[PDB]
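Student: kindly return the folded structure for what I paste below:
(chains A, B, C and D)
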Amino acid sequence: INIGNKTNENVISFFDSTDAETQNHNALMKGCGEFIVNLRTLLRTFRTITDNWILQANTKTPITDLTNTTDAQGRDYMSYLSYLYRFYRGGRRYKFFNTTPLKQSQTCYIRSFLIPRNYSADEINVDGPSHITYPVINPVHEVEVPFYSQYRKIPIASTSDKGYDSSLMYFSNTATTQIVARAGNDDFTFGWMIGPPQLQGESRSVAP
Amino acid sequence: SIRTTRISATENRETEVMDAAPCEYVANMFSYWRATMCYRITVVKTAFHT
Amino acid sequence: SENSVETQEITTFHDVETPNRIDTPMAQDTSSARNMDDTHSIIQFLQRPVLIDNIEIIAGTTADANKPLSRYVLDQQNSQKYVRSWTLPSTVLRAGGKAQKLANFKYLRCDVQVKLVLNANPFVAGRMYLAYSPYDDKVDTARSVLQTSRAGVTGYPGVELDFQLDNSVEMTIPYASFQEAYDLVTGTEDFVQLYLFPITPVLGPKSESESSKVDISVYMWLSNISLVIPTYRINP
Amino acid sequence: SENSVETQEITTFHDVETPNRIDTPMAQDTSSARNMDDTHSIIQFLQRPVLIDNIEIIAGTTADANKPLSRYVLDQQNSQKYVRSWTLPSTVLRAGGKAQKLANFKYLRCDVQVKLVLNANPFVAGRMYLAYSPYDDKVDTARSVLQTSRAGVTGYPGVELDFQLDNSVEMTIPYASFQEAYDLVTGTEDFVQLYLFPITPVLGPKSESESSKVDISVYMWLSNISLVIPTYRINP
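Tutor: Numbers count the residues shown, from 1 in each chain, chains lettered A, B, ... in the order given. Find the structure here:
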């Protein structure tokens, strides 16, 4: 009753029919089947990051010409959980779906290579671990970049250091417009939780 | 919260900006939810307020 | 084949044979409203506290709320001055939507609880007394609480209501009537009739624009109830 | 001294100390309303049969009550002709004063019983059929009972309603909704919607001034109920 303050923490509860963990199994067994637990499992599913990427013919294009753009939006699960965390380790699987009006007077093919991060086009070589597909017989390019880093983990959008882990270079022959989808590899995981930034809603843009 | 900019002399754009609790921020990914909520209401008082 | 006499809640039938009744193939359980809350009985439902009155005192005071208890009461015009008057159980039954939940019953055997949540600042002192008097507006004039002296008012049953020592009181007003099991239809119940008296005037600094408040609240709920005979009426 | 957290029905408090509560000296028993009837719970109270409808048939008949079941239904204008339509549970909840006894609750998990007391003279024959169809006025037009043939009407669940063999039927209409635990506040429940069809026309002597009556009555009450979440509203 005296003049002062205490803390006396009270976890007082409302409705207390049954244990919560028991009803959640019974609720998902009749409504879902699938039981989503860990967000590490959502970095294994290939969500499409773009719908159209019109690549100019005969140019060794790094994916960082698209990754700097498409890590802002958070459309996929890699860049939407780029805001709840700070570090990451693990390689990024990429799949490329061809959507080109192909022409019979050419033999279309697709290459792929490695560059370290954030280098430009001409300042890297080409003999490395490669992969090749032929989109007449195989429209999907099934490529996984490994995790070849100097450091054990990487923060997002670092300082003036560059070329400290590896990523993809994408070479074609014809002006192939595609779909690009991605997720992390088997050992891709974030860490070091922070609080989340904001969200953006609908932009109907009424006149007055 | 609504952000109102200008485009022309008689047209504007009203973009909805939402706050995001980490419980809220995960739920935007998923469609249907079921969760036991929690709230910790704290009074910031002096020694003399009753 | 001859003996079809079945029993509902309070209802019995008399048929020639059991009238070839069909039913569910298997009574499988369905949606989980049973798993979210246990069923609240009608004796469980008349044990919920209700916010009845909200009494604010400022000292002050121009009004009657801080006229102290008179040492002597010489005449019925200068009766004993109080704060509020609760005429139980006719207050506790109407409030909280209870009377629209004990309709179609006849007799009641209740015990009214009374709790006072109190919340005042440390710079204010005073003391009150929460007395109850059965048949206080039915008996002859000299026997009521409002006509006796200060020693006679306080001698009634009740509890002290000091500010700084008591932030909650628990008083159990018993089943205090001569009639067995209170009538409800055409009700004129009003058996025990509660009061609230200030003994000392509420004290604070005599300079104003300071707002020395008190802010009492009253909670009431029934206990040890038995609700027995079914009827078709009720008073509105 | 620090821990004053007490629990009512559905209500908890938080005080500094236990506020010096006084009570009865000894809780002696009083008037014998407990010895006259046992207390009827709210799950016990929603199991009382109510007199809903009182259907009289004369053969007759100028009216629609003895148009027999159509062998074919070729168009929606010539829909299937019936006697009455009970749109459960919105009929059984309003009648018998039940809705003024399950106010301040939210969710309900009921099973509606239906009984038909029947009382006709021995010189009258006929047969009816008591079918129920869930979502009968919510689904598309072709799937309702009122649009199918006589073999399709009778193929719905129900019971025979012959006069001379059956003076009582017992039908258990189950909890037949997709929503868990029926909503009450802002209610548009109307899930299972009952019917009563005559198969054969009622038969009696064609000379009149004879009064060949039938006089059906309908009793309904709930079963296996669970009433869970407390609120402050309700629909009138």
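Student: hmm, who's touching the longest helix seen in chain A?
Tutor: What stands out as the longest helix in chain A, according to DSSP state H, is helix A:20-31. The contact list for helix A:20-31, computed with Cβ atoms under 8 Å, 6 or more residues apart in numbering or on different chains, reads A:34-35, B:32, B:34, B:36, C:32, C:35. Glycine gets a C-beta too; all of them are placed from N, C-alpha and C.
Student: nearest the geometric middle of chain C, what residue?
Tutor: Among the residues of chain C, residue C:92 comes closest to the average C-alpha position under Cα atoms, centre = their mean, at 3.8 Å.
Student: can I assume that one is in contact with residue C:220?
Tutor: Yes - contact criterion Cβ atoms under 8 Å: residue C:92 and residue C:220 qualify, at 4.5 Å.
Student: need the overlap of contacts for those two.
Tutor: C:50, C:52, C:112.
Student: which residues touch residue A:39?
Tutor: Residue A:39 sits in contact with A:81, B:26, where contact means Cβ under 8 Å, 6+ apart.
Student: also residue C:92?
Tutor: C:50, C:52, C:98, C:112, C:220-222 are the contacts of residue C:92 under Cβ under 8 Å, 6+ apart.
Student: gap between it and residue D:10?
Tutor: To residue D:10, residue C:92 is 18 Å away according to Cβ to Cβ, to the nearest Å.
Student: the residue of chain B found nearest chain D: what's it in contact with?
Tutor: Residue of chain B nearest chain D, by Cβ to the nearest Cβ: residue B:50 (9.9 Å). Neighbour list for residue B:50: C:119-122 [criterion: Cβ under 8 Å, 6+ apart].
Student: out of those, which are buried?
Tutor: Among these, those classed as buried by 16 or more other Cβ atoms under 10 Å in any protein chain shown are residue C:120.
Student: so which of the contacts of residue B:50 comes closest to residue D:57?
Tutor: Nearest to residue D:57 among the contacts of residue B:50: residue C:119, at 68.4 Å, using Cβ to Cβ.
Student: what sits against that closest one?
Tutor: Contacts of residue C:119 (Cβ under 8 Å, 6+ apart): B:50, C:167, C:215.
Student: what residues sit buried inside stretch C:63-73?
Tutor: By neighbour count with 16+ other Cβ under 10 Å, stretch C:63-73 contains the buried residues C:65-66, C:69, C:73.
Student: and it, how far apart are its ends?
Tutor: Using Cα to Cα, to the nearest Å, the end-to-end distance of stretch C:63-73 comes to 20 Å.
Student: other residues contacting that stretch?
Tutor: So stretch C:63-73 is in contact with C:55, C:57, C:59-60, C:78-81, C:83, C:146-150, C:153-154, C:197-202, going by Cβ under 8 Å, 6+ apart.
Student: that stretch: how far from the chain's middle?
Tutor: Distance, stretch centre to chain centre, for stretch C:63-73: 25 Å (Cα atoms, centre = their mean, to the nearest Å).
Student: just stretch A:144-159 next, same as before
Tutor: Distance, centroid of stretch A:144-159 to centroid of chain: 14 Å (Cα atoms, centre = their mean).
Student: in that stretch, what's buried?
Tutor: Buried, per 16+ other Cβ under 10 Å, within stretch A:144-159: A:145, A:147, A:149, A:154.
Student: and for stretch A:158-174?
Tutor: For stretch A:158-174, by 16+ other Cβ under 10 Å, it's A:165-172, A:174.
Student: likewise for stretch C:30-46?
Tutor: C:30-37, C:40-46.
Student: that stretch near chain A anywhere?
Tutor: Yes - Stretch C:30-46 reaches chain A (Cβ under 8 Å from any Cβ of the partner chain) through C:32, C:34-38.
Student: what lies in contact with that stretch?
Tutor: By Cβ under 8 Å, 6+ apart, stretch C:30-46 touches A:15, A:17-18, A:23, A:26, C:98, C:101-102, C:110, C:221-222, C:225-227, D:9-10, D:39-43, D:45, D:107-109, D:175, D:177, D:179-181, D:225-230.
Student: if we can go back for a sec, could you tell me which of the contacts of helix A:20-31 count as buried?
Tutor: Of those, these count as buried by 16+ other Cβ under 10 Å: C:32, C:35.
Student: can you put the contacts of helix A:20-31 in TSV and add distance to residue C:20 and secondary structure?
Tutor: Below are the contacts of helix A:20-31 laid out as TSV (distance: Cβ to Cβ, whole Å; DSSP: H, G, I helix; E, B strand; the rest coil):
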residue	distance to residue C:20	secondary structure
A:34	48	coil
A:35	48	coil
B:32	46	coil
B:34	45	coil
B:36	48	coil
C:32	34	coil
C:35	35	coil
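Student: closest to residue A:112 among the contacts of helix A:20-31?
Tutor: For the contacts of helix A:20-31, the nearest to residue A:112 is residue A:34 (32.8 Å; Cβ to Cβ).
Student: who are the neighbours in contact with the closest one?
Tutor: Residue A:34 touches residue A:28, counting by Cβ under 8 Å, 6+ apart.
Student: show me where chain B has strands.
Tutor: B:2-6, B:12-18 (DSSP state E).
Student: partner strands of the one helix or strand residue A:182 maps to, with direction?
Tutor: Under the criterion of DSSP states H and E, residue A:182 resides in strand A:177-184. As defined by DSSP bridges, the strand partners of strand A:177-184 come to strand A:47-54 (antiparallel), strand A:92-98 (antiparallel).
Student: which outside residues touch that strand?
Tutor: Contacts for strand A:177-184 (Cβ under 8 Å, 6+ apart): A:43-55, A:63, A:66, A:76-78, A:88, A:90-100.
Student: cool, and stretch C:127-136?
Tutor: C:83, C:88, C:114, C:116, C:144-146, C:153-154, C:156-163, C:169, C:171, C:173, C:176-177, C:191-200.
Student: mind checking which of these are buried?
Tutor: C:83, C:88, C:114, C:116, C:144-146, C:153, C:156, C:158-159, C:161-163, C:169, C:171, C:173, C:177, C:191-199.
Student: still on that earlier bit, sort out for me which of the contacts of residue C:92 are in helices.
Tutor: Per DSSP H, the subset of the contacts of residue C:92 in helices is empty.
Student: quick check, nearest of those residues to chain D?
Tutor: Nearest to chain D among the contacts of residue C:92, with distances taken as Cβ to the nearest Cβ, is residue C:221, at 6.7 Å.
Student: now do the helices in chain A.
Tutor: A:20-31, A:64-70.
Student: got the CA coordinates for the strand holding residue A:182 in PDB?
Tutor: Provided in PDB are the C-alpha atoms of strand A:177-184 (Å, rounded to 0.1, in the frame of the first residue of the first chain):
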ATOM      1  CA  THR A 177      12.900 -13.300 -72.800                       C
ATOM      2  CA  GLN A 178      12.400 -15.600 -69.800                       C
ATOM      3  CA  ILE A 179      10.900 -16.300 -66.400                       C
ATOM      4  CA  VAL A 180      13.300 -16.400 -63.400                       C
ATOM      5  CA  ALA A 181      12.600 -18.300 -60.200                       C
ATOM      6  CA  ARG A 182      14.700 -18.900 -57.200                       C
ATOM      7  CA  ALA A 183      15.200 -20.200 -53.600                       C
ATOM      8  CA  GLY A 184      18.200 -21.100 -51.500                       C
END
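Student: which residues of chain B lie near chain C?
Tutor: Checking chain B against chain C by Cβ under 8 Å from any Cβ, the hits are B:48, B:50.
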